[PDB]
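Colleague: Here it is: the structure, laid out below.
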Amino acid sequence: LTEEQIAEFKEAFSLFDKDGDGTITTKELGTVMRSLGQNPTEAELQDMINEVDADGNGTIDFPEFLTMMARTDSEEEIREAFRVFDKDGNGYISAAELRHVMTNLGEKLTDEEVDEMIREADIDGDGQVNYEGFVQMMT
Amino acid sequence: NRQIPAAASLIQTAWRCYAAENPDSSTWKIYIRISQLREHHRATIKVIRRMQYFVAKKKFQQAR
Ligand SMILES: [Ca+2]
Ligand SMILES: [Ca+2]
Ligand SMILES: [Ca+2]
């Protein structure tokens, strides 16, 4: 962690702590998200906080915020998520199959996001994505 | 098979978290209701994207 990183994370913290009270609540979090054009439910906001609220008080103070923003397995879980679609255990997912899953399931990436993903992931350009290589790239 | 949406969302939040580090990634184009995206938008977007990644991480862990 750099001295520059910590100040940048303190600046980011302030954008959420509209209170100035030292903690981010679910309400301040939803306020920021709606300002960006999102409409999260209250349960979605709660799940966001709970993954970060290490003392279980229900809010996020700056050391908790910094802990999460500075954050090990992860690589393996993302591999395991790709392996869900690697039915034959290729180690590979088709660019076509990847675009389909990325665009139409879950968060629904845009086609331009998927373009960027595939251009970076398909190193040899054969239309087949070595997803273990791509997981490495992201981490 | 609830693994499929949870798996997709983990990949997508992870990638979106990675790609927001590139200030000129097309992942910034999704915020259609922001006239001019200033630096304070990007800073909050990066925070939100990290939180969503952690949520997706947990949800995938629970489905597997
Ligand atoms: Ca506050
Ligand atoms: Ca706390
Ligand atoms: Ca390839």
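Here's how to read the names in the structure tokens: chain A, B, ... by the order shown, residue numbers from 1 in each chain, ligand numbers from 1 in the order shown.
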Residues of chain A near chain B: apply a cut-off of 6 Å, count only C-alpha atoms, and supply the list as a list in words.
Modeller: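 Therefore, the residues near the partner are residues 12, 37, 48, 81, 106, 107, 113 and 138 of chain A.
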Colleague: Write the residues of the selection above to a file with N, CA, C and O atoms, as an mmCIF file, in the first residue's frame.
Modeller:
data_model
loop_
_atom_site.group_PDB
_atom_site.id
_atom_site.type_symbol
_atom_site.label_atom_id
_atom_site.label_comp_id
_atom_site.auth_asym_id
_atom_site.auth_seq_id
_atom_site.Cartn_x
_atom_site.Cartn_y
_atom_site.Cartn_z
ATOM 1 N N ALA A 12 -12.000 8.663 -1.657
ATOM 2 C CA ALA A 12 -13.160 7.874 -2.071
ATOM 3 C C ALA A 12 -14.136 7.671 -0.916
ATOM 4 O O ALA A 12 -15.354 7.820 -1.084
ATOM 5 N N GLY A 37 -27.106 6.414 -11.488
ATOM 6 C CA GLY A 37 -28.112 5.841 -12.358
ATOM 7 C C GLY A 37 -28.562 4.445 -11.999
ATOM 8 O O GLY A 37 -29.364 3.864 -12.741
ATOM 9 N N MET A 48 -24.024 -5.788 0.168
ATOM 10 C CA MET A 48 -22.806 -5.023 -0.079
ATOM 11 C C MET A 48 -22.114 -4.654 1.224
ATOM 12 O O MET A 48 -20.914 -4.910 1.396
ATOM 13 N N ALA A 81 -15.688 -20.725 -11.427
ATOM 14 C CA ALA A 81 -16.849 -20.205 -12.142
ATOM 15 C C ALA A 81 -16.726 -20.457 -13.641
ATOM 16 O O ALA A 81 -17.703 -20.842 -14.296
ATOM 17 N N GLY A 106 -26.734 -13.444 -15.783
ATOM 18 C CA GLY A 106 -26.290 -12.616 -14.674
ATOM 19 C C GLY A 106 -26.317 -11.110 -14.859
ATOM 20 O O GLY A 106 -27.388 -10.521 -15.035
ATOM 21 N N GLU A 107 -25.138 -10.473 -14.810
ATOM 22 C CA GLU A 107 -25.053 -9.015 -14.844
ATOM 23 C C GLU A 107 -25.291 -8.429 -16.229
ATOM 24 O O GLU A 107 -25.518 -7.220 -16.334
ATOM 25 N N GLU A 113 -18.285 -4.424 -24.015
ATOM 26 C CA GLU A 113 -17.515 -5.033 -22.930
ATOM 27 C C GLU A 113 -17.018 -6.419 -23.321
ATOM 28 O O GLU A 113 -15.855 -6.766 -23.086
ATOM 29 N N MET A 138 -6.337 -11.087 -15.196
ATOM 30 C CA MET A 138 -7.109 -10.228 -14.308
ATOM 31 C C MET A 138 -6.516 -10.146 -12.911
ATOM 32 O O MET A 138 -6.862 -9.228 -12.166
#
Colleague: From a backbone DSSP assignment, name each residue in chain B labelled alpha helix (DSSP H), as number ranges by chain.
Modeller: B: 3-19, 39-63
Colleague: Can you list every residue of chain A that has an atom at most 6 Å from ligand 3, with its nearest atom pair and the distance in Å to one decimal, using only C-alpha atoms and all ligand atoms, ordered by chain then number, as a Markdown table?
Modeller:
| residue | atom | partner | partner_atom_place_in_ligand_line | distance |
| --- | --- | --- | --- | --- |
| A:122 | CA | ligand 3 | 1 (Ca) | 4.2 |
| A:123 | CA | ligand 3 | 1 (Ca) | 5.5 |
| A:124 | CA | ligand 3 | 1 (Ca) | 4.8 |
| A:125 | CA | ligand 3 | 1 (Ca) | 5.2 |
| A:126 | CA | ligand 3 | 1 (Ca) | 4.8 |
| A:127 | CA | ligand 3 | 1 (Ca) | 5.6 |
| A:128 | CA | ligand 3 | 1 (Ca) | 4.2 |
| A:129 | CA | ligand 3 | 1 (Ca) | 4.6 |
| A:130 | CA | ligand 3 | 1 (Ca) | 5.9 |
Colleague: Produce as number ranges by chain the set of residues near ligand 1, where near means within 8 Å with only C-alpha atoms and all ligand atoms considered.
Modeller: A: 16-25, 28
Colleague: All residues within 7 Å of ligand 2 are required, counting only C-alpha atoms and all ligand atoms; please report them as a PyMOL selection string.
Modeller: chain A and resi 53-61+64
Colleague: Work out how far apart atom CA of residue A:94 and atom CA of residue A:133 are and give it in Å to one decimal.
Modeller: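 One can read the atom CA of residue A:94 to atom CA of residue A:133 distance as 13.9 Å.
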Colleague: Please, what distance in Å, to one decimal, runs between atom CA of residue A:39 and atom CA of residue B:39?
Modeller: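 Going from atom CA of residue A:39 over to atom CA of residue B:39, I get 21.2 Å.
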Colleague: Tell me, as a VMD selection string, which residues lie within 10 Å of residue A:41, counting only C-alpha atoms; anything in the same chain fewer than 4 positions away does not count.
Modeller: chain A and resid 30 45 to 46
Colleague: Put those residues in a file: N, CA, C and O atoms, as a PDB file, in the first residue's frame.
Modeller:
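Once everything was written out, this is part.pdb:
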ATOM      1  N   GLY A  30     -26.795   3.699  -0.991  1.00  0.00           N
ATOM      2  CA  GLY A  30     -27.806   3.742  -2.037  1.00  0.00           C
ATOM      3  C   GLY A  30     -27.905   5.117  -2.664  1.00  0.00           C
ATOM      4  O   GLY A  30     -28.138   5.251  -3.868  1.00  0.00           O
ATOM      5  N   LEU A  45     -28.215  -3.560  -1.022  1.00  0.00           N
ATOM      6  CA  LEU A  45     -27.322  -2.679  -0.278  1.00  0.00           C
ATOM      7  C   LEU A  45     -26.817  -3.358   0.976  1.00  0.00           C
ATOM      8  O   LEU A  45     -25.640  -3.218   1.335  1.00  0.00           O
ATOM      9  N   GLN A  46     -27.696  -4.098   1.655  1.00  0.00           N
ATOM     10  CA  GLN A  46     -27.291  -4.800   2.865  1.00  0.00           C
ATOM     11  C   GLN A  46     -26.205  -5.832   2.572  1.00  0.00           C
ATOM     12  O   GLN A  46     -25.249  -5.971   3.342  1.00  0.00           O
TER      13      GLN A  46
END
